[PDB]
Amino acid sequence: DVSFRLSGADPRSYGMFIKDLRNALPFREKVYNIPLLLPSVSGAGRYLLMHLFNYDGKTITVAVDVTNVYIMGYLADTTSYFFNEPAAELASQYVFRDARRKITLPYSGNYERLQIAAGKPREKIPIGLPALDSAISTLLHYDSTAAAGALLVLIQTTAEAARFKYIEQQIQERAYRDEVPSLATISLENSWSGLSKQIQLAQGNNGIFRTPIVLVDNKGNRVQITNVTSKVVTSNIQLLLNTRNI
């Protein structure tokens, strides 16, 4: 289990939590020195528990699938809450057995469905470490409209920051003040599968991508990643989704 406490959190304890989250996910190989996540794990071993504490010290436990860093559900007090999708139901068999009741949230956990349920696209929700504290407080009391907005903050400040060093840095700049994500952060989030696939297929193709990944950058718009010497590959992406899961 990894843990993060927002009381007394600053940019470096947060980097320390994201470091431990990354280091808790099992891998067999490194492709171009990036951890390649396993095709499948079976049993309860497939799930990582993160214990998150807000400013006041209340907590929620979040369950993450270690093969893809996908947030499946969470436990708040005695109630477990799971996304309405097949993998989250499978997950409810291994985690939070101890809950007095299990509620299925009325949406799956992908971004389109959560934005629709929240009433705001990601681009309009301030993220940062104050927003994470808020999100933990919202998840402690069931409301599905407000839980969709809090889960969008929760995915990006934990799972997306683990996947990309650039997003982790974005959240460390937002440690005492929230701010909506840059288009670059949204671009990166959406490209993890694509980028993971091409870095994998680039082995045996001299580090060259079969098809270029296009991202918008930290100045404005439209950028094509064609090979593994790009800084996106050498410095930014931190975990790769196994091609068997794409």
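In this text, rigid core is short for the largest set of C-alphas that superpose within 1.5 Å between two forms. All residue numbers are counted from 1 along the displayed sequence.
Which is farther from the shown form in 5 other deposited structures of this protein in C-alpha RMS with the core fitted, 204-212 or 217-225?
Higher average C-alpha offset in 5 other deposited structures of this protein goes to 217-225.
Comparing 29-37 with 175-183, which stretch shows the greater average C-alpha B-factor in the deposited entry?
Looking at the recorded C-alpha B-factors, 29-37 comes out higher on average.
Higher average CA B factor in the deposited record is what I'm after, so tell me if that's 76-84 or 154-162.
The stretch with the larger average C-alpha B-factor is 76-84.
Highest CA temperature factor in the entry: which of 129, 103, 118, 99?
That would be 99.
Maximum C-alpha temperature factor per the entry, among 54, 61, 203, 67, belongs to which one?
So the option with the highest C-alpha B-factor is 203.
Taking only the Cα B-factors deposited for this chain, tell me whether residue 6 sits in the lowest, middle or highest third.
Middle third of the chain for residue 6's C-alpha B-factor.
Report the third (lowest, middle or highest) to which the CA temperature factor of residue 91 belongs, ranking only the modelled residues of the same chain.
Middle third, going by the recorded CA B-factors of the chain.
Thinking about Cα B factors across the chain, which third does residue 112 belong to?
Residue 112: CA B-factor falls in the highest third of its chain.
Taking the values exactly as deposited, rank residue 195 by C-alpha B-factor within its chain and report the matching third: lowest, middle or highest.
Middle third of the chain for residue 195's C-alpha B-factor.
Going by what the PDB entry lists, where does residue 123 fall on CA B-factor within its chain: lowest, middle or highest third?
It falls in the top third of the chain.
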